[PDB]
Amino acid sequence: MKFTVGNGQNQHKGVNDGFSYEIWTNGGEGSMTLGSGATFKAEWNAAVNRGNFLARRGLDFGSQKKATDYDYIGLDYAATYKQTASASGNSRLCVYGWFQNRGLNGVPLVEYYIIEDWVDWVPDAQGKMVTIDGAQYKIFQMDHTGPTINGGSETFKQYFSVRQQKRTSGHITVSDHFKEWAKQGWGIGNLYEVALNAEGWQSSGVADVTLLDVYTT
């Protein structure tokens, strides 16, 4: 089952087997092919000025409770991921989601990234190295202004963990990243979703996610 963007429709989002799916582009083309469960394969050609593409699948949490209230959140994945063109472009493979702050006081709206692999460029800022799942990640936060899960342009926060040693398979203790961000004093809203995300800016490539499991205990 395939969903194509950049040829009439710029987005498709839905659910299958209890896991979300979403593909979107501005100015590129691409497709996502679902597999069982949360698995999928995606391909994009957006190696054009301001070409932008995303494909992601994940577990919705309903924005019900503080992300760090969940005792354990695991994500296990295996993928092949390749960038094949770059017009001064880049891409990343990452865990992705939001902390919703609707109804919450003195808490920011957060889009978060746990970046496992990237090509040519990755976000960076003054940050701190931490050890999670036996591996080094740099954590930092930054302002961003743009469209949001809530509607049009606003100024919100992005939280990042960037894996120092790139990889395309393994176990992520997603709840340990949330704890590390919490330890910095950063505000933590209600968990919207936990997804695995392939995105590309002014690039082309493929991500074939053959294993993807997201769970909470």
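When you see a residue number, it is the position in the sequence shown, counting from 1.
Comparing 78-86 with 91-99, the stretch with the higher mean C-alpha B-factor in the PDB entry is 78-86. Averaged over CA atoms, B-factors in the entry run higher in 152-160 than in the other of 152-160 and 171-179. Highest C-alpha temperature factor among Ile115, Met129, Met142, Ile132 per the entry: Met142. Residue-level temperature factors show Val122 in the middle third of its chain, judged at the C-alpha atom. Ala38 sits in the lowest third of its chain by CA B factor, as recorded in the PDB entry. When the modelled residues of the chain are ordered by their C-alpha B factor, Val214 lands in the middle third. The deposited CA B-factor of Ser203 belongs to the lowest third of values across its chain. Remark: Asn10 belongs to the highest third of its chain, ranked by C-alpha B-factor as recorded.
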